[PDB]
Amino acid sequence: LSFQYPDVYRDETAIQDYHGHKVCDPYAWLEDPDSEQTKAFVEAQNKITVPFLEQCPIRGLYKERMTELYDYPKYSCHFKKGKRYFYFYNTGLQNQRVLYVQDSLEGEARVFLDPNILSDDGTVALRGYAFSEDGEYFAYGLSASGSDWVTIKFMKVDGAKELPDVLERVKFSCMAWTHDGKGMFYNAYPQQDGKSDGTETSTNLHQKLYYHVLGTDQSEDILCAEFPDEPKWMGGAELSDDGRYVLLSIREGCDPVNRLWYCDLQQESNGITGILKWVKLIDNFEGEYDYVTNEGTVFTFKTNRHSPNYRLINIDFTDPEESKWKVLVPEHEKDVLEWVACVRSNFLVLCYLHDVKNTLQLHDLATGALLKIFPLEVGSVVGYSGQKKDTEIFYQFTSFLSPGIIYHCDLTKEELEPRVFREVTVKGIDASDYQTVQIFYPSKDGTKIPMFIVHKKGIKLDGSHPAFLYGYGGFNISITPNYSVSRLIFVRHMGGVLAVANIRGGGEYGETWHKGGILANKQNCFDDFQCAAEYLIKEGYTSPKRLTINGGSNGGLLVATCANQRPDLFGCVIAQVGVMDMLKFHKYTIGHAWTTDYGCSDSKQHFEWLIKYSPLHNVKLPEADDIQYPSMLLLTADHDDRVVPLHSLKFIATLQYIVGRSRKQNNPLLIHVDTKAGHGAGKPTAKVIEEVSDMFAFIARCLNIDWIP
């Protein structure tokens, strides 16, 4: 290390008692983001990382090459609202993609909403939008500097006229227009004392559901639902297809379960004037209920009640008893039913997950019968468009070496032959030169975990190639095939191997796959992931010295632990906006919501699981002498209100102090706190290119790999 680590004050009086257990958190002052102490800390760390990163001549190689390979047309699915068609498009290197509008699939598209002119650095992103039933009015949310907070503004679709309406203090909101098109449903939070730009760590409780009449001030919005008894509950709302019913999904935590109330708008004496006459249909968190469509009083939902892999059921609001429910499409024994859409009045589009791959089939609404099976190569379905009134669908398909293909299908045709609408090609990369392979490796307990492997055709397995292993594991999130130029460059001009392990904790094999990697079995996640590395090492794909593991958010927690538990298995480690303090993660912003996957330190029983793997409280110098901690780069941003950066700070301070101080430790323990960025969504192209070029530079310079022109 040509640089020396900063002097961080250790508050040895900061001791807490956790059910008889006393834990010392000396860097607990970093929890205050506005302090002079913290500010001087972040700066101090950035003072030694930037150079380190910018000193390696491979960064500019990467950065420049990324800019070229990443310079390709990126479109989204076409979707029709009212009588117009819409689609997001990005000429290539635009910071934020733009929303286009055309009065006809053959008409001439025209800019509708360019968020690019709202910020010189593209740090103002669109976060959620909702057209009106007539497609004549449009409301969208904007986020500044990757912050979760949102401001909802409105626009008149014809002439793109901007309206005065504006809604503030919005977060994790729904946007449901009533069909009389007079107002929209949305959620807001109470006025809390202090900042509210995404730099605060304050808790978010008491979310309410309001109603905004178009043309009025938010001071007048109507309060339609609140659970003053249950601070952590979050009620989201949507309107049934026929627009006669307001369906309310009440949630608590990030579990695939929700309560479902409802309100017959025709039973409201004077429209919407306040708390609605809710009918508690499902008053429990036993299962999830995802509204698909409804014919009269028979509502069809995607549920996982007694169906770990999900299924379709029908409820008649007039015959509510669970007993009377009917099963439309039985749960599958192996395939997970991801999402469902109703198009052309009586067609249902079921999107299944088959061994981590996506399959699309058309079923009959009335019977559930399978009608057509849309042919798909290996990869995922990243976009879809088709509502109950539409007579055609669109779906974008992506893969590891496929930038994306947008298909189109006219449902008003005897022969349901789907055609290719748009096919984006990325010149400079020859898909025919790389090969994808899906293997199932056994974990510590004998469970088989799937893994995707992408490498050059013909590489000899001598354990000489750099390897990039990615995993998340948790919150029912499925890690499916996706395009990543930045990753392919790794394989191209760095000769490495890419690997994605669909370890437990995810929803690849239904909830039973989620529950086998959460709460008391969270260790399973780590073991699954560790075994993944062992596999690449054994099969000679790579080596502990040249293997890099990556992970963001709950995924960063994964790699952080995997280093604390087996630092001899990895050579490099890059944790992105990760959760490190498993003891008090629930005290900040939206962290309480995750207790359903990790547990809560406030509970004696939960503490025993958490204290065993909590990254912050488990850093330890290897006992061996020929073993040290893998070079690690932590990445976070000051506006990340999702996983407050206090997690990365207190963790870098500890890594540098406990380990960084030893003499046997040569590998750098660094951290990078980006400005004007948040958890990740809405990150402008510019910053994305800066970021990736930083990770692979770190990896290059850290493992000493050469560039391959």
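Residue numbers run from 1 along the displayed sequence.
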property: 102 to 110 versus 463 to 471 - greater average Cα B-factor per the deposited record; result: 102 to 110
property: Stretch exceeding the other in mean C-alpha B-factor - 602 to 610, 348 to 356; result: 602 to 610
property: Residue, from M155, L569, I477, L265, that the PDB entry assigns the highest Cα B-factor; result: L569
property: Top Cα B factor in the deposited entry, candidates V577, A225, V426, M184; result: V426
property: Entry-reported Cα temperature factor of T38, expressed as the chain third it lands in; result: middle
property: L655 - which third its CA temperature factor falls in, relative to the rest of the chain; result: highest
property: Chain thirds of CA B-factor: placement of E54; result: highest
property: Third of the chain's Cα B-factor distribution that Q45 belongs to, per the entry; result: lowest
property: Assigned third (lowest, middle, highest) for the C-alpha B factor of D694; result: lowest
